[PDB]
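Number of protein chains: 2
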Amino acid sequence: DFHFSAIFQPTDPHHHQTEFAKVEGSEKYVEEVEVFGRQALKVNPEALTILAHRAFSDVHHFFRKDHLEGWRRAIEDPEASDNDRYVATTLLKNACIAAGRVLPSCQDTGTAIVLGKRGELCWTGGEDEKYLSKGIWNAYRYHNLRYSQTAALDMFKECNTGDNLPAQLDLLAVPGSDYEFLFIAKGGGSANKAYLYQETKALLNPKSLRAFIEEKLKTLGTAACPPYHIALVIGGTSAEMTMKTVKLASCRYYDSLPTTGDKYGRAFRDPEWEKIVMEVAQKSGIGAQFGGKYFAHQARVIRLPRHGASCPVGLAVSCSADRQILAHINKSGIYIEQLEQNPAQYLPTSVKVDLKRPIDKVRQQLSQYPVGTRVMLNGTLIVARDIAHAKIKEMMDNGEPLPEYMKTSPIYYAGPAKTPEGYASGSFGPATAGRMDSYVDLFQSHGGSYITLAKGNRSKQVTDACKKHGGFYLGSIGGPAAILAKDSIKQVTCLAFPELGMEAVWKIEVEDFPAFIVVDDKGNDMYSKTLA
Amino acid sequence: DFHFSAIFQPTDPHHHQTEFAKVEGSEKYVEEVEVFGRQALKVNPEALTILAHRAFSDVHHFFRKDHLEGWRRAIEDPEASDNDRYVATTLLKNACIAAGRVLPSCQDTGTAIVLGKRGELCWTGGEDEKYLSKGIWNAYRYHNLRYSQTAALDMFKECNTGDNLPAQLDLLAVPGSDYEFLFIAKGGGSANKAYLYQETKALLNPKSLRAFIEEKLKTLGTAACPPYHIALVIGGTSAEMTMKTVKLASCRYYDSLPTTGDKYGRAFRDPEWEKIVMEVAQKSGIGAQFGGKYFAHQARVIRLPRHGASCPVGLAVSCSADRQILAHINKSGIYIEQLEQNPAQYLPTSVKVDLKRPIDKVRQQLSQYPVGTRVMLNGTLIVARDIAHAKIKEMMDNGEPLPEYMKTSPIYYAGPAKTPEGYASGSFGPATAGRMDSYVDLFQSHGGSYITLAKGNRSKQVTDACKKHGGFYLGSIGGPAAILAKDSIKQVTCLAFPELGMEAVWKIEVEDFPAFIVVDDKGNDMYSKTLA
Ligand code: SF4
Ligand code: SF4
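Sequences listed follow chains Z and W, in order.
The first sequence lines up with residues 28 to 375, 385 to 568 when you count with the UniProt record's numbering.
The second sequence lines up with residues 28 to 375, 385 to 568 when you count with the UniProt record's numbering.
This is the structure:
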């Protein structure tokens, strides 16, 4: 009567559909042995350091085929909007620059996540986390990446760890004698667009589920640099299991799951509802960041079993910095997923805005144009993101003035990666605007932040503030951090709060920096139709 | 220089502070060996079956000391309300019944969750998931528990799996040669009160965090059978990592973490903010289900590192069916956490309502009393939960009438566990009322569901419906499923939809069933002040 049924039964559990390259000479790190009649594998733990180092280096310079194919699809589709094609062309040209192996594809080189599966008879000596962390440390220390991890000294006092550690190290015990891996360099913006909903049986019918999808996709907005890989998980044995599953689905880790359920509750991919998600995504008009058809590359929908009283649902995306690498260690050595090293093969007006003027003259020029106008910025940007905004608000709460540097120039919400030797700037694209929304009305009321520059749709309070104080929000393209650094950024200087690392206040000189007028000084918002 | 720092550094990683009992004779399942100069442990996988069977049997009849102490604190504290003391006394008497090892403490015997940590040199043969699942299968099949897992045949077509499988099996690879475990029998209601919030640096100040905590605690309501163990996690390396941590925090799995952070981003428990959570919970007035001080047993607050662009937050509770057990296998055999087998040592006015009358006469009697009135129900209840409600609405959408049996008696939202031989009923406590909110107005408009009986606060639409149609919502005490079955439930018969198992429509006869009038027929709601 008892029948064991694993929840996840991929038909390709070892990811044979993926192309791997062997690390040259890496068979010296492994030795196949036989113990008590069973095949086992001795692994020098230095293999873990070597593997993690290469994985978290390569992944910042190359992309998978299904990601690149999506950008080309947005360029070639007659139904794509002009903005769709402009964004996709820009991201692909960004990928070409990143493939030069100097500049990472995004300034947000992400959190280092390791999903590892160590076989019962795979013997590393047991210090896997230290050796994996050293390889990750090497990758972020010795390459032009970014230190993004924020340590809590107490509940509220924070500092940058200075090395992009700690990593998320999920090491599982599995059958066999191999060691299998998924490495993820997970950007903060798309990590923030991982959502958990606690729903009920009332959701589980065609009309309700379709309306639910239409509603929740809109809450993703453009804040995580679409086109998205959209993952949706219906059900699950706990909230944390639902959210792990939707993360892995967004990495296409579960693509070989069955497509039908059974009486034992096995997980399955639902291609019919993937099609509906894609139909909703396309018909939404949200587009590849600035209106159109290419809100989404593709969709993954996984249906899970559930406690009768429960229906957790997970929604998550992979962003333009779509960065994951499969790997495994076996008797022949270290194998790492082969990414596309020639993205160029996928490759098939605007208003000049002089920033080198009094800020009021820039505001006057911007006021002459409607939202949706493509602009090109030339001059000085002041760079400030989450922590700098919080420190400045705190200064003003203690009676100090809004600093002079918040009043002279557009505010670019951004944090750079490290500068390559002989380069003017490391990768330096925008951060998500919505996280600074609570500061806009306050700062504008105190004579600054009249012009902000970032990516993503913003809340109504920012539209209201810009109308009240004569402000503007400019939307940069999201994602193309390498080409912005190579072509547009000419000088970079740390202005204030240097202890914050990448979150310091910066002063940068910029030429031909593209952006769209998203919010004007009249109550208009170019996302008000598609995202409201 | 590189410095490895594990995120979690418990001072008691093997839980020496917990009392364990050895399974008698269990050293026959293990054998110490040495291979390549290293000590390894061969473990007969049968040990996993034995351990999982005992864990998921014991945990349904006994509780930890800190849970039982919380109930006694609600009885003996002069600051506890009369309802606080009444609910805590009821739950404690329920625990004494459950300690008889026949009836489980709750009808929702939960999802079977296994956190396992298999040492590198702990050799089981590798079929851990099957052997653990057989032990879980044994516990739910051969004891008076409940089959709560719902399989998806397709996106919308569902069936009960009939054995409470699949389990959630999280088997981690760790150093050493032992096998350590945390077993959790997680109720659906408290699983549903696990929430993920995507927040920002703007939250991370005392005023904002305190306001956030006050706001989110109210959204827990009474829907997961308080007094709660409240867990709050601020930060994390991903949503799924944050939600896993808040689950484990709620099981007091991380109680021995350090209490200060460092520049490497280690996790820490924050006793100052645990105190603040307890102050918010107590001052909320929500109480142990029906107004008072004992919303919470205790609090756990864990501060985690974060990507600078990210601040995931997790909030979750352990409910009155607080069910976890630690265990480990080592060279000496199988050890399992010792729970309290004599809960009685912690043990230191109502309106009679005859249900055997026309439902309209019952409504006239209830109409004479204000919300908060305690009642004792005597007569027939019609039992129907999520699936039966969805099926009946589906019938009505296809033009069929609301069935007569939905109009003759109050509707009790509940699903019983299996009936012990010679008993009138298995454990049979209430389900969460809020999940049926979308049906009340519809059913009342068609002449039924005028009186519902469940637990938890309900949404505004139910208050409006009861005022419009002369209805009432009665709140049963949440949690005391064993004593309700032993003392109050006298007869159980399946009335309709027998294929649904525990989710069929039942007709039950009841005596001295306690409840509170939560929503009356006048727009009043006894949670309108505390859960506004
Ligand atoms: S900036 Fe955009 S592309 Fe880069 S990590 Fe954030 S969401 Fe992804
Ligand atoms: S105690 Fe309440 S919330 Fe917990 S499992 Fe039982 S009915 Fe559900």
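Where a beta carbon is used, it is the ideal one built from N, C-alpha and C, also for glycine.
Worksheet item: Is the region 533-542 of chain W touching the region 489-501 of chain W, taking contact as three or more C-beta pairs under 8 Å?
Response: no
Fill in: Short-range partners of chain W found in the region 308-342 of chain Z, where Cβ spacing is below 7 Å
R330, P332, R333, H334, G335, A336 and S337
Fill in: Distance CB(Z:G335)-CB(W:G189) smaller than 8 Å
no
Worksheet item: From W:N434, W:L192 and W:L209, pick the residue whose C-alpha is nearest to that of W:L198; which is it?
Response: W:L209
Worksheet item: Do you know whose CA, among W:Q480, W:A469, W:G435 and W:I487, lies nearest W:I447's CA?
Response: W:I487
Worksheet entry | Closest residue to W:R237 among W:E306, W:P37 and W:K271 (Cα-Cα distance) | W:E306
Discussion item. Under 8 Å, CB to CB, which of the residues in the region 202-231 of chain W have a partner in chain Z?
Written reply: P202, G203, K213, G214, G215, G216, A218, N219, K220, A221, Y222, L223, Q225, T227, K228, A229 and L231
Practice prompt. Say yes only if the C-beta of W:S347 is nearer than 7 Å to one or more non-hydrogen atoms of ligand 2, and no if none qualify.
Written response: yes
Discussion item. Are there any heavy atoms of ligand 2 lying less than 7 Å away from the beta-carbon of Z:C338, as far as the coordinates show?
Written reply: no
Practice prompt. Go ahead and pull the three-state DSSP assignment for W:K69.
Written response: strand
Practice prompt. Classify W:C530 as buried or exposed, calling it buried when 16 or more other Cβ atoms lie within 10 Å of its own Cβ.
Written response: exposed
Worksheet item: From Z:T272 to W:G415, what distance separates their C-alpha atoms?
Response: 46 Å
Worksheet item: Under 8 Å between C-beta atoms, does Z:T468 make it to chain A?
Response: Annotation note: the requested chain A is absent from the structure, which comprises protein chains Z and W.
Practice prompt. Look at the Cβ atom of W:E367, then the Cβ atom of W:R100, and state whether they are nearer than 8 Å.
Written response: no
Worksheet item: Taking 8 Å as the CB-CB limit, is W:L199 close to chain Z?
Response: yes
Practice prompt. Count the other CB atoms, across all protein chains shown, that sit within 10 Å of the CB of Z:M270; report buried if there are 16 or more and exposed otherwise.
Written response: buried
Practice prompt. Tell me, please, whether the region 277-290 of chain Z touches the region 45-57 of chain Z by the rule of three or more beta-carbon pairs shorter than 8 Å.
Written response: no
Practice prompt. Taking C-beta pairs closer than 8 Å, name the residues in chain Z that W:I140 reaches, listed in chain order.
Written response: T264 and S265
Worksheet item: Are the C-beta of W:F533 and some C-beta of chain Z separated by less than 8 Å?
Response: no
Item to complete: Using 7 Å as the cut-off, classify the Cβ of W:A107 as near or not near the heavy atoms of ligand 2, replying yes or no.
Response: no
Item to complete: Run the proximity test for W:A343: is its beta-carbon closer than 7 Å to any non-hydrogen atom belonging to ligand 2?
Response: no
Worksheet item: Is residue 383 of chain W close to chain Z, meaning its C-beta is less than 8 Å from at least one C-beta of that chain?
Response: A gap in chain W, from 375 straight to 385, means residue 383 of chain W has no coordinates in the model shown.
Practice prompt. Consult DSSP for W:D390 and reduce its assignment to one of helix, strand or coil.
Written response: strand
Worksheet item: For the region 179-190 of chain Z, which residues have a beta carbon sitting closer than 9 Å to at least one beta carbon of chain W?
Response: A179, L180, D181, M182, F183, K184, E185, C186, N187, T188, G189 and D190
Worksheet item: Looking at the C-beta of Z:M305, does it have a partner C-beta in chain W at a distance below 8 Å?
Response: no
Practice prompt. Please decide whether Z:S32 counts as near chain W, where near means a Cβ-Cβ distance under 8 Å.
Written response: yes
Worksheet item: Rounded to whole angstroms, how far is the Cβ of W:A354 from the Cβ of W:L78, which I believe are closer than 8 Å?
Response: 6 Å
Worksheet item: Can you tell me whether W:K120 is buried or exposed, with buried defined as 16 or more other CB within 10 angstroms of its CB?
Response: buried
Discussion item. Does the distance between the C-beta of Z:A251 and the nearest non-hydrogen atom of ligand 1 fall short of 7 Å?
Written reply: yes
Worksheet entry | Short CB-CB distance (under 8 Å) between W:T488 and chain Z | no
Item to complete: For W:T151, go through chain Z and note every residue whose CB falls closer than 8 Å to its CB, in chain order.
Response: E147
Item to complete: Could you pull the start and end residues of the alpha helix (DSSP H) that Z:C123 belongs to?
Response: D109 to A125
Discussion item. As a quick exercise: from Z:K55, Z:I34, Z:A568 and Z:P40, pick the residue whose alpha carbon is nearest that of Z:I313.
Written reply: Z:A568
Practice prompt. Within the same chain, show all residues whose beta-carbon is closer than 6 Å to that of W:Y206, passing over the 5 residues directly before and after it, in chain order.
Written response: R145, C149 and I356
Item to complete: Consult DSSP for Z:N357 and reduce its assignment to one of helix, strand or coil.
Response: strand
Worksheet item: Just to check, is the beta-carbon of W:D556 closer than 7 Å to a non-hydrogen atom of ligand 1?
Response: no
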